[PDB]
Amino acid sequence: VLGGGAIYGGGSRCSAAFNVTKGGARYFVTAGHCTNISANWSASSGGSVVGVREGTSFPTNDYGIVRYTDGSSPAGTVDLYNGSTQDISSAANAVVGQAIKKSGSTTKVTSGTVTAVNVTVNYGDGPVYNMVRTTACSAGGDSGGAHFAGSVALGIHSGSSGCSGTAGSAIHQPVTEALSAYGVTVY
């Protein structure tokens, strides 16, 4: 699956953030509230399993990782939903004022500006810490999608408080914390 692409588990749709690697093996990271629901993930609702969960953390954080088990070696890119893709080649933390994009499977690519970093967000399940607030529009099914700027991976889509027009509220989990948690790098 490419970054921003749909993934299905537990009868729900989420989105993948980025393809990552360690030890010559391929994995994708996504939202923890998505990997909490299921161990097996497919690229269509009743499709064959492409990967199995190897870790998850939600609430407190919101990230998780799925190991590919179907023998594929996907490109390390994010789907721009227009026939093309964005190559990702590094990861960093977002900064206030930075223009970002997110790609997820419900609203495809939307854009916004980072308004705050290191934010605690209270969801119904509990608080998630050290989050990033943006003005990018989003909707259910977009969690786990890629927050990025050019070839730089910045975050994993977690949630929002709504959107009207272009004025969104997409919140992301910093991707660097998930990459260190699992000892993985983007490629």
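Numbering starts at 1 and follows the sequence shown.
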- Message: Mean CA temperature factor from the deposited coordinates, higher in 49-57 or in 121-129?
- Response: 121-129
- Query: Going by the B-factors listed in the PDB entry, is the mean over the C-alpha atoms higher for 62-70 or for 39-47?
  - Reply: 39-47
- Message: Using only the C-alpha B-factors in the record, can you name which of 161, 158, 30, 138 has the highest?
- Response: 161
- Task: Tell me, please, which of 105, 82, 90, 110 has the highest C-alpha B factor according to the deposited entry?
- Result: 82
- Message: Split into thirds by Cα B-factor across the chain's modelled residues, where does residue 169 land: lowest, middle or highest?
- Response: middle
- Mind checking which third residue 77 falls in for C-alpha B-factor across the chain? lowest
- Query: Is the Cα B-factor recorded for residue 99 in the lowest, middle or highest third of its chain?
  - Reply: middle
- Message: Ranking every modelled residue in this chain by its Cα temperature factor as given in the entry, which third contains residue 21?
- Response: middle
